[PDB]
Amino acid sequence: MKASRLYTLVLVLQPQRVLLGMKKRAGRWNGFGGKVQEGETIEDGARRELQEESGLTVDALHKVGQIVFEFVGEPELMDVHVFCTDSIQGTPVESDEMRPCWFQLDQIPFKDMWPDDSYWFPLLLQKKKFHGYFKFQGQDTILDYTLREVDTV
Ligand SMILES: Nc1nc2c([nH]c(=O)n2[C@H]2C[C@H](O)[C@@H](COP(=O)(O)OP(=O)(O)OP(=O)(O)O)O2)c(=O)[nH]1
Ligand code: NA
Ligand code: NA
Ligand code: NA
């Protein structure tokens with residue numbers, strides 16, 4: 001089994017809207033996140049990436065899922081720990097890396113999101129917790145995947 005590298009993903013989910021960021025360099029909407037760094041907890045890494053990529057600070061996050069990504073031709077898995085929050089207290093800021101944008105929850109931009117999001121995003125919206133795995137060929141093609149609702153992440 002391949003080694004895996006730790007990542008975070010943060011979704012700011014309010015009652016009628018969700019905050020996504022457009023990757024400027026890419027072209028897809030996503031939550032905010034990145035690699036966990038040495039010596040920080042996964043949750044603290046998620047808080048740090050949220051602040052670095054969107055400008056938003058939150059004191060706490062709720063872990064809602066975990067997704068492992070495998071890419072054909074790449075030696076490592078990406079182990080993505082997915083967090084939510086409903087409570088923010090500043091404005092999102094656009095950088096040269098991510099442009100934040102709010103979407104109403106009847107306008108989730110799936111056509112411009114990664115293909116796996118179509119499977120697990122609906123569980124997140126239902127307040128369900130999940131474990132997923134997706135094997136991609138390139139950016140567009142899923143060759144294999146698993147997804148399961150769990151009571152504990
Ligand atoms: N919704 C969704 N999110 C994904 C998928 N694959 C995937 O890596 N992510 C998330 C997890 C990561 O936090 C982020 C990709 O990490 P990144 O490449 O932006 O990491 P980074 O910013 O630290 O790297 P760098 O370019 O700044 O050096 O996107 C996916 O298929 N769907
Ligand atoms: Na980042
Ligand atoms: Na990132
Ligand atoms: Na899509």
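Positions are given from 1 along the sequence.
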- In Å and rounded to the nearest 0.5 Å, what is the OG1 to CZ distance from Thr8 to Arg47? 12.0 Å
- Query: Between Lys2 and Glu76, does at least one N-O distance fall below 4.0 Å, as a salt bridge requires?
  - Reply: no
- What is the minimum heavy-atom distance between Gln66 and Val153, and which atoms define it? N-CG1, 4.2 Å
- Item | Between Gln14 and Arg17: side-chain donor-acceptor atoms closer than 3.5 Å | yes
- Is there a side-chain contact between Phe130 and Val150 (heavy atoms, below 4.5 Å)? no
- Item | Working for side-chain contact (heavy atoms from CB on, under 4.5 Å), residues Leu56 and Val93 | CA-CA 8 Å; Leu56 294 176; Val93 179; over 6 Å; no
- Item | Greater than 12 external heavy atoms within 6.0 Å of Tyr145's OH | no
- Message: To the closest 0.5 Å, what do you measure between CE (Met98) and NZ (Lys23)?
- Response: 5.5 Å
- Side-chain (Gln89) to main-chain (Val58) donor-acceptor, under 3.5 angstrom: no
- Between CG of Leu147 and OH of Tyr133, what distance do you get to the nearest 0.5 Å? 13.5 Å
- Item | Approximate separation, where rounding is to 0.5 Å, of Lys35 NZ and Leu6 CG | 11.5 Å
- Give a yes or no on whether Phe32 and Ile88 share a hydrophobic cluster (residues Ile, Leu, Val, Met, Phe, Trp, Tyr; joining criterion: side-chain heavy atoms under 4.5 Å apart). yes
- Query: When clusters are formed by joining ILVMFWY residues with side-chain heavy atoms under 4.5 Å apart, either directly or through shared neighbours, do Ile42 and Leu77 land in the same one?
  - Reply: no
- Would you check if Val68 and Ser4 make a side-chain contact, meaning some heavy-atom pair closer than 4.5 Å? no
- Ion pair present between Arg28 and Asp140, side-chain N to carboxylate O less than 4.0 angstrom? yes
- Message: Between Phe134 and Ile142, is the side-chain contact (heavy atoms from CB on, under 4.5 Å) condition met? List the steps.
- Response: CA-CA 7 Å; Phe134 297 85; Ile142 295 167; 4.1 Å; yes
- Decide yes or no on side-chain contact (heavy atoms from CB on, under 4.5 Å) for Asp117 and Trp29, but give the supporting numbers first. CA-CA 10 Å; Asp117 298 19; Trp29 295 103; over 6 Å; no
- Query: Does any non-hydrogen side-chain atom of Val36 lie less than 4.5 Å from one of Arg5?
  - Reply: no
- Where do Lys63 and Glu43 land on the salt bridge (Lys or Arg N to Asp or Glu O under 4.0 Å) test, with the steps shown first? CA-CA 8 Å; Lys63 188 176 184 187; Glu43 181 187 345; over 6 Å; no
- Without swapping roles, check the side chain of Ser95 against the backbone of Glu97 for a donor-acceptor pair under 3.5 Å. no
- Query: Quick one: do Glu149 and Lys129 make a salt bridge, cutoff under 4.0 Å?
  - Reply: no
- Is there a chain of hydrophobic side chains (I, L, V, M, F, W, Y, each step under 4.5 Å between heavy atoms) that links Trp102 to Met113? no
- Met22 side, atom CE; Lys24 side, atom NZ - distance, nearest 0.5 Å: 10.5 Å
- Message: So if I apply the side chain to side chain contact (heavy atoms under 4.5 Å, CB included) rule between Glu94 and each of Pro100, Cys101, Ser54, which one comes out positive?
- Response: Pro100
- Is the closest side-chain heavy-atom distance between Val72 and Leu143 below 4.5 Å? yes
- Message: Are the side chains of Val80 and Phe69 in contact, using a 4.5 Å heavy-atom criterion?
- Response: yes
- Message: Using every non-hydrogen atom in the two residues, find where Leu105 and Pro15 come nearest and quote the distance to one decimal.
- Response: CD1-O, 3.4 Å
- Joint hydrophobic cluster, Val12 plus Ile108, side-chain heavy atoms closer than 4.5 Å: no
- Query: Got a second to check how far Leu9's CG is from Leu11's CG, nearest 0.5 Å?
  - Reply: 5.5 Å
- Item | Stepwise side-chain contact (heavy atoms from CB on, under 4.5 Å) test for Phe83 and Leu50 | CA-CA 10 Å; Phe83 293 82; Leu50 179 67; over 6 Å; no
- Spell out, yes or no, whether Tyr119 and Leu20 are grouped together once hydrophobic residues are joined by side-chain heavy atoms under 4.5 Å, including indirect joins. yes
- Would you say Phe136 and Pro115 make side-chain contact, with heavy atoms under 4.5 Å? yes
- Item | Identified side chain to side chain contact (heavy atoms under 4.5 Å, CB included) counterpart of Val82 within the set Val10, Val64, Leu61 | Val64
